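First, one chain by itself: the form deposited without the named molecule, in structure tokens.
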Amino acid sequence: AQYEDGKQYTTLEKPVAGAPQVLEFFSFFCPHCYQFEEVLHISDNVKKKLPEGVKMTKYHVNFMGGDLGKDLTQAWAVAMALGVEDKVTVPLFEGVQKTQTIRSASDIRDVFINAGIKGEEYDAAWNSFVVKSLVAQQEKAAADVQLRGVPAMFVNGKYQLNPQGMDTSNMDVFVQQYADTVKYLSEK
């Protein structure tokens, strides 16, 4: 077949019931995730190839960066709770990987302050139990599939994208193959 298990995708030996339709995992310490955001725009290109209104979910992970990696998972929960993901994603990526100006939880808070989120707004969300639950939700979704690598995308809790088996000589062809595979899997 043109799409084959082990080539463009792999199949979960333990399917995950009730999972989101399109579930992405990333880390702000993850280099390919940086490319996926700034250079390839995987999330938007996948969204444009899927039916309108399909739920897409993106979660942060703990296993990169130690203490700060967990801080970034809590900060991502704040971003999701406040709905400011589009405002903080790029400065957080660049703060961690490009300028390396993010060395503490205070530095992460500075990114939100600079993006226009009020200090009282950030601190209240950061210490809220709604955000504690969002952190637990991110951990549980990752734990359901024993996630050891990012960037990762799962479709209907059953199929995992395999970008290693996709052509990397051309950035746009890669994105197109990636998005077309997600579409194929969503119609499975």
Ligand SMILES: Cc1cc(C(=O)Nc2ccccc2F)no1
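Rigid core (definition): largest C-alpha set, two forms, superposition within 1.5 Å. Each residue number is its position in the shown sequence, starting from 1.
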item	value
Higher-deviation segment by CA RMS in 5 other deposited structures of this protein, core fitted, 15 to 23 or 162 to 170	162 to 170
Farther-lying stretch by C-alpha RMS in 5 other deposited structures of this protein, rigid core as reference, of 115 to 123 and 51 to 59	51 to 59
Segment of higher mean CA temperature factor, 114 to 122 or 75 to 83	114 to 122
64 to 72 or 148 to 156, whichever carries the higher mean Cα B-factor	148 to 156
Residue selected from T57, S128, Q35, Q137 by maximal Cα B factor	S128
Residue, from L161, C30, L40, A141, that the PDB entry assigns the highest Cα B-factor	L161
Ranked C-alpha temperature factor of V175 among modelled chain residues, by third	lowest
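Separately, the form deposited with the named molecule bound exists; it is not shown, and the next lines address it.
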{"query": "Heavy atom of each of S43, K58 and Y178 within 4.5 Å of the named molecule in the entry with it bound", "finding": "yes"}
{"query": "Residue contact check: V135 to the named molecule in the entry with it bound, 4.5 Å heavy atom", "finding": "no"}
{"query": "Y159 within 4.5 Å of the named molecule in the entry with it bound, heavy atoms", "finding": "no"}
{"query": "In the entry with it bound, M153 touching the named molecule (heavy atom, 4.5 Å)", "finding": "yes"}
{"query": "Proximity of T89 to the named molecule in the entry with it bound, heavy atoms at 4.5 Å", "finding": "yes"}
